[PDB]
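Worksheet for the structure shown next.
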Amino acid sequence: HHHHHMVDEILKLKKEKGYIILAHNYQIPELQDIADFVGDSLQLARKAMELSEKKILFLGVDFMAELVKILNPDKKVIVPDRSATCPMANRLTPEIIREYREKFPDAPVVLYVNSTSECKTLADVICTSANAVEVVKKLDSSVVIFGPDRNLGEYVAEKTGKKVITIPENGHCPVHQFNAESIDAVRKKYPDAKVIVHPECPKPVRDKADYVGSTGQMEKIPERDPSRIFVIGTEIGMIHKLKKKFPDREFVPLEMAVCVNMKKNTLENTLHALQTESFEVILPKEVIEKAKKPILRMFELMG
Ligand code: SF4
Ligand SMILES: [Mg+2]
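If you want the working numbering, it's the 1-based position in the sequence shown plus 269.
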């Protein structure tokens with residue numbers, strides 16, 4: 270670290286004001302280092318239920334911050350940049366959900382966490398990339414509506430054998446659109462490397478990988494796989510996380526992939542957030558009341 274002033278002041282204010290700092294795995298290394306907890310969306314959702322502080326500084330994108338607020342309606346949740354969002358999530362609308370419910374009335378609506386809070390009020394259950402398979406398996410229906418990510422939906426259909434109707438038309442994460450050629454090239458360069466990719470990746474990339482999982486799942490792979498070299502097909506922030514957790518291994522990006530929205534949070538605007546205790550996540554009471562149900566069901570159907 271080479272920003273000792275910013276770091277020391279962030280720590281001072283966090284302590285003075287009674288904040289816990291939660292971060293997603295795609296946040297810059299300097300922010301992961303000052304965070305009290307870093308993880309994927311499922312790990313963040315569980316932490317949001319368990320934590321005991323009354324004030325939360327959240328470092329990620331808006332849908333995630335809103336989930337934390339939904340689970341903690343009487344706590345203060347702040348974010349440094351209110352424009353930090355997921356472009357994929359924003360393409361699915363209430364109107365598309367109602368259209369598909371009318372077409373396939375027997376199918377439960379399973380929404381990825383990457384979805385607007387208004388859309389969550391219209392979901393039967395929420396999932397993350399780590400538990401989507403388990404959640405869909407547990408439901409009675411042989412058919413489900415799934416969105417907004419077509420790739421994760423298709424992965425779920427493969428693993429569960431259920432019919433998955435994806436919405437909207439070609440909803441997808443641009444960050445995870447790697448080329449399968451990139452895997453061919455690393456197999457030639459590193460013949461006993463293992464390739465780990467996200468389920469948001471396209472089918473040809475998933476199929477050529479050794480492992481497919483959420484970032485939380487990726488972090489567990491070196492606990493069971495002794496490979497000297499791992500090649501990682503996700504957003505670049507996870508490669509730092511992995512290097513720090515397993516300094517004895519080599520982690521190589523499959524390609525450079527950056528989520529510009531995840532990178533909106535900086536040391537500078539994080540300090541400003543603590544100085545001013547802004548920007549608070551504010552949601553209407555009715556949204557909190559209606560969206561909590563599919564979120565709590567995710568955990569209820571896990572175990
Ligand atoms: S990496 Fe993709 S799915 Fe994740 S927040 Fe960024 S745009 Fe959304
Ligand atoms: Mg129905």
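Cβ atoms here follow ideal geometry from the backbone N, Cα and C, with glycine treated the same way.
Exposed or buried, which one is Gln544 when buried takes at least 16 other CB atoms within 10 Å?
Exposed is the call here.
Is the beta carbon of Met357 sitting closer than 9 Å to the one on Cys470?
No, Cβ-Cβ distance for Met357 and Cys470 is not below 9 Å.
By the DSSP assignment, the alpha helix (DSSP H) with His541 in it spans what residues?
Looking at the DSSP string, the run of the alpha helix (DSSP H) that includes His541 is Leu536 to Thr545.
Would you grab the beta carbon distance between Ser410 and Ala376 for me? Rounded to a whole angstrom, and I think it's under 8 Å.
So it is a contact: roughly 6 Å between Cβ atoms.
Going by the C-beta, is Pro342 closer than 8 Å to any heavy atom of ligand 2?
Flag unset: Cβ of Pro342 not near ligand 2.
Let me know the secondary structure DSSP gives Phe415 once reduced to three states.
Strand at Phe415.
Which ranges would you report for the beta strand (DSSP E) in the stretch 326-371 if only whole runs of at least 3 residues count?
Counting whole runs of 3 or more residues, the stretch 326-371 contains the beta strand (DSSP E) stretches 345-347.
Could you check what DSSP says for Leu291 in three-state terms: helix, strand or coil?
It is a strand residue.
On the criterion of 16 or more Cβ atoms from any shown chain inside 10 Å, does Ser547 qualify as buried, or is it exposed?
So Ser547 ends up on the exposed side.
For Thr503 versus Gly308, is the C-beta spacing smaller than 9 Å?
Not a contact, by the Cβ cut-off of 9 Å.
Taking contact to mean 3 or more Cβ pairs, one atom from each stretch, closer than 8 Å, check whether the stretch 322-337 and the stretch 507-520 are in contact.
The stretch 322-337 vs the stretch 507-520: no contact.
Below 8 Å, is the gap between the Cβ of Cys528 and the nearest heavy atom of ligand 1?
Because some heavy atom of ligand 1 lies under 8 Å away, the Cβ of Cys528 counts as near it: yes.
Are the CB atoms of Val330 and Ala314 nearer to each other than 9 Å?
Not a contact, by the Cβ cut-off of 9 Å.
Quick check on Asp418: buried or exposed, where buried means 16 or more other Cβ atoms within 10 Å of its Cβ?
Label assigned to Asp418: buried.
Nearest to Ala449 by CA position, among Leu523, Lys389, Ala542 and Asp461, is which residue?
Nearest option by C-alpha distance: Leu523.
Under 8 Å by Cβ, that's how I've got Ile290 and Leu320 pegged, so tell me the actual separation to the nearest angstrom.
Actually they are not in contact, since the Cβ atoms of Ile290 and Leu320 sit about 11 Å apart, beyond 8 Å.
Could you give the distance in angstroms between the alpha-carbon of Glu423 and the alpha-carbon of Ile297?
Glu423 and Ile297: Cα-Cα distance of roughly 30 Å.
Any idea if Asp350 is buried or exposed, counting beta-carbon neighbours within 10 angstroms, 16 or more meaning buried?
Counting Cβ neighbours within 10 Å, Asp350 comes out buried, since at least 16 surround it.
Quick check on the DSSP output: what are the complete beta strand (DSSP E) runs of length 3 or more inside the stretch 387-450, in order along the chain?
Here the runs fully enclosed are 394-396, 412-416 and 432-435.
Determine the DSSP secondary structure at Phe515, reduced to helix, strand or coil.
It is coil, neither helix nor strand.
Determine the closest residue to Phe515 out of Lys562, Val405 and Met487, with distance taken between C-alpha atoms.
For the residues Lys562, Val405 and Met487, the minimum Cα distance to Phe515 belongs to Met487.
What do you reckon, is the C-beta of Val500 under 8 Å from a heavy atom of ligand 1?
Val500 Cβ: outside cutoff for every heavy atom of ligand 1.
Given that a residue counts as buried once 16 or more other Cβ atoms are within 10 Å of its Cβ, and exposed if not, what is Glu299?
It counts as buried.
May I ask you to report which of helix, strand or coil DSSP gives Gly502?
Strand, per DSSP.
With distances taken from CA atoms, which of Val521, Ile436, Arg493 and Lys428 is nearest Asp476?
Nearest of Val521, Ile436, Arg493 and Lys428 to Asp476, Cα basis: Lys428.
Name the two residues that bound the continuous alpha helix (DSSP H) containing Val556.
That run of the alpha helix (DSSP H) goes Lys554 to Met571.
What does a CB cutoff of less than 6 Å around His445 pick up in its chain, not counting 5 residues either side in sequence?
Closer than 6 Å at Cβ, skipping near neighbours: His467, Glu469 and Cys470.
When you compare the stretch 522-537 with the stretch 560-567, are there three or more beta-carbon pairs, one atom per stretch, that lie closer than 8 Å?
No, because fewer than three Cβ pairs between the stretch 522-537 and the stretch 560-567 fall closer than 8 Å, the two stretches do not touch.
Counting only runs of 3+ residues fully inside the stretch 460-496, write out the beta strand (DSSP E) ranges in chain order.
463-466, all fully within the stretch 460-496.
Could you name the residues of the same chain whose beta carbon sits closer than 7 Å to that of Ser310, not counting the 5 residues immediately before and after it, in chain order?
Answer for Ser310: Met333, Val382 and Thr397, listed in chain order.
In this structure, does DSSP put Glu322 in helix, strand or coil?
In the structure shown, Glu322 sits in coil (DSSP, three-state: anything other than H, G, I, E or B).
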